[PDB]
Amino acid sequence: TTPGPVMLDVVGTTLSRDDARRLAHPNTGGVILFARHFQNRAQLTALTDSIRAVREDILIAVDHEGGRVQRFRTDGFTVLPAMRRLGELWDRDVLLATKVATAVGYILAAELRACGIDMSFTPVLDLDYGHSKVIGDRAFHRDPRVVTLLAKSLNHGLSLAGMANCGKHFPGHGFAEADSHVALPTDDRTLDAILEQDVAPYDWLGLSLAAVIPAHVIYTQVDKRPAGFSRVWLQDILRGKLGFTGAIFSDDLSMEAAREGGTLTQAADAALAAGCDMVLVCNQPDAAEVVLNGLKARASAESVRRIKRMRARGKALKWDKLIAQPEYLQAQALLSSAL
């Protein structure tokens, strides 16, 4: 069986019969985990094992950015700094910042893989204009060059553990004022202005960028549709001008900014038609199940290639081996001293 276009979540800390039904649906391709799915490492590993036992080709992801966005913070998961902290270190010591960024990525990826997780939805590539509270300290730096090189260093650390990455929120959530969870933000700058700064990290990263999540933001001078529903942003700019061939995941369609003029299913259809390879439906699995069964048919072969390439690569150390690894311990000691 092959991955479908829908990433959803499960109801609890252990899999239910309803979960298993959804996980077996052809249009399911991923599971995203949140804090409520975590009690301890043993429980989490059993949960991810049981998910893959139902759907071997499934992709399991989580929001592990660090700082204010890190679902698992206890039972041995290292509480990671906010990415803004690495930009502040950069302003004191550029090279040391790149070294610490890689150490963060390696800790981040290695701990998640020890619990059977494929990937984290990181790094944030939004620029730290100071305008966006929802991003806030989740952004690395104000300078797109600095964001690029810090994010690349982080992604290198993730790769060291075989983990991919996913930049967000394309083409940039840093300039708009509002929070797309609860409102519909807007960005009234020109296309060229947006491309010169906010999009430059996506272009400069090249092959070091594995995937993208678009923002639920309306860039009124470029397209009236939010970026995640915009063929202009996802195909004309990201796939065309930038030549990007990695996976595109929609930001959560349950968010207020994603409610356009109809149902969740129609929003999913629109995101996929616009250029998303996967759509996320979070915090309402029964509503996700309606999307699974109502999704309009579409060409998916090119999408499936990209989705499978987001699976973690190679073997992963289990916790009992990782806790003793010199490289893991070196990275832990660097984080404690440099910050």
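All residue numbers refer to positions in the sequence shown, first residue = 1.
At least a third of the other compared entries skip residue 298 while keeping the residues on either side.
In the record comparison, residue 182 is unmodelled in at least a third of the other entries of this protein that model the residues flanking it. When the two stretches 217 to 225 and 200 to 208 are set side by side, the higher mean Cα temperature factor goes to 217 to 225. Of the two stretches examined, 63 to 71 and 292 to 300, the record assigns the greater average C-alpha temperature factor to 292 to 300. Residue-level inspection of the entry shows that, of 307, 279, 54, 33, 54 has the top Cα B-factor. Of the candidates 105, 171, 174, 185, it is 185 whose Cα B-factor is highest according to the PDB record. Ranked by Cα temperature factor within the chain, residue 81 sits in the middle third according to the deposited record. Residue 99: CA B factor lies in the lowest third for its chain, per the PDB record. The PDB entry assigns residue 148 a C-alpha temperature factor belonging to the lowest third of its chain's modelled residues. In the PDB entry, a CA B factor belonging to the lowest third of its chain's modelled residues is recorded for residue 138. In the deposited entry, the Cα temperature factor of residue 87 sits in the bottom third of values across the chain's modelled residues.
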